[PDB]
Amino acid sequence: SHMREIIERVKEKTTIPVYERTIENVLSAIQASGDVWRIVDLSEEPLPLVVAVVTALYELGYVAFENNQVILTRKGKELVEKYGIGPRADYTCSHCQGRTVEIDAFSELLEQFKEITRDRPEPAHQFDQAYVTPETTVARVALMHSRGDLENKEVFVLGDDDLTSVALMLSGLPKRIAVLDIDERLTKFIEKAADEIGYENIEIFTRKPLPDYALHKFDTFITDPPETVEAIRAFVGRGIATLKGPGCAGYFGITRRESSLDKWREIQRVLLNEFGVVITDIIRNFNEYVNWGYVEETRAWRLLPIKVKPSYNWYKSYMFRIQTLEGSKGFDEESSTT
């Protein structure tokens, strides 16, 4: 009734699937915060969907924009009370940030990584770039090592915005590392680091039918793909094809910020049915991305009905781990952050 009217207005603004739950996640988020970034964060719906919901609400008189905040009109408060939609709570563990692992034991690694990455290459708009916080990076090392995927393993880093490979060198855990990125700024920076650190067993390389040096040679890959079905499949699929065989691990990040749960379902059928891998871990908001400098240039910025820069790291991704088994094999509308 109330809800129907909203849903059809949202459908006129986006072809991203829209459910009553979409609207409800947004309304729950709005009750807990007026900040558009944190609304996207807390609703766990993709930015362009959130915008189309908040916009529909504002057109149909349930939300107001006021003080650069998204707030419920009196009509919106009748809506949430009528549907029993409470303010979204969050009980994320304040020690691990919900990562499940503590990094107390990697404190000097953290310090070093922080120091060495002070002059890191600034994220480039045309490589869809952004890097995770050094804390995330070190949490990544602690996570991988706790699943037995680092020590004396051969590790392939497919894309390295985050400079995970520099953290891996400083940990001293891998037998060897291979890293690949399109951006020559990164690969030069990594090589300079390796050469000065004296890490010998690292190959750097600056997308199609894998070379000899990659194919079936690694124990573990990490990647953080662009957020499309095709790119997730390409990148994760190529990661899997680097793996020696059964018993090998893959790590990658998938967001709720740019991918809807309908997308997730297609991604999960690729992993399970095209690659025949098993998903061993899916950890909410494991990856915290540092806010990037080219935002005013992005579609997300043009979509926002309130132009305000984010005041915290609103953009996070879930950590996926996969493992290979017998038979495993390797190889949009919801997007806005380019």
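Start at 1 with the first residue shown and count on from there.
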- [ ] Can you count, per the entry, how many deposited residues between residue 94 and residue 95 come without coordinates? Answer none, 1 to 3, 4 to 9, or 10 or more.
- [x] none
TODO: Quick one: classify how much of the deposited chain lacks coordinates between residue 331 and residue 332, choosing none, 1 to 3, 4 to 9, or 10 or more.
DONE: 10 or more
Task: Between the two ranges 319-327 and 17-25, the one averaging a larger CA B factor in the entry - done: 17-25
Task: Stretch with the higher entry mean CA B-factor, where the candidates are 110-118 and 160-168 - done: 110-118
TODO: Compare the CA B factors listed in the entry for 60, 295, 290, 51 and report the winner.
DONE: 295
Task: Member of 219, 262, 78, 224 with the greatest C-alpha B factor (per the PDB record) - done: 78
Open item on the list: Based on the deposited C-alpha B factors for this chain, I'd like to know if residue 242 is in the lowest, middle or highest third.
Closed with: lowest
TODO: Consider only the C-alpha atoms of the modelled residues in this chain, order them by B-factor as the entry records it, and name the third containing residue 305: lowest, middle or highest.
DONE: highest
TODO: Would you please rank residue 103 by its C-alpha temperature factor against the other modelled residues of its chain and give the third it falls in: lowest, middle or highest?
DONE: highest
TODO: Would you mind ranking residue 148 by its C-alpha B-factor against the rest of the chain and naming the third, lowest, middle or highest?
DONE: lowest
- [ ] Taking the values exactly as deposited, rank residue 135 by C-alpha B-factor within its chain and report the matching third: lowest, middle or highest.
- [x] middle
